[PDB]
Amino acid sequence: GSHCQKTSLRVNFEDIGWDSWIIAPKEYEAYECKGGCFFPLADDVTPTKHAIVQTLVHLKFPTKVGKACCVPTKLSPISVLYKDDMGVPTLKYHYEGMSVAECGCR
């Protein structure tokens, strides 16, 4: 198998230096897109025509052209509790772009 898909990735905000302004949560599930893009290319990675063309060119010239990439293609928000300019804990209900919703080959 080993095709491109969504897998678990728990991110700790202190590990990445963001606990300076994110009070809560301490960690969250961000997910990660793992695996490769290579033929045969499954339906669920929704391959673009350019990703297909690039994969073919990469097979013919592996050292000159790169492969198609397994990336997040749709993201979801989370809620974070942050300290505002006044230092008061404030809720950001939909903090966009924080968690993978779908993966794909691009």
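Note that residue numbering begins at 1 and tracks the sequence as displayed. Take the two forms, superpose them, and find the largest set of C-alpha atoms that agree within 1.5 Å; that set is the rigid core.
Across the superposed structures in 5 other deposited structures of this protein, aligned by the core, the stretch whose Cα atoms lie more distant on average is 35-43, chosen from 73-81 and 35-43.
Of the two stretches examined, 62-70 and 76-84, the record assigns the greater average C-alpha temperature factor to 76-84.
Stretches compared: 24-32, 39-47. Higher mean C-alpha B-factor in the entry: 39-47.
Remark: residue 2 belongs to the highest third of its chain, ranked by C-alpha B-factor as recorded.
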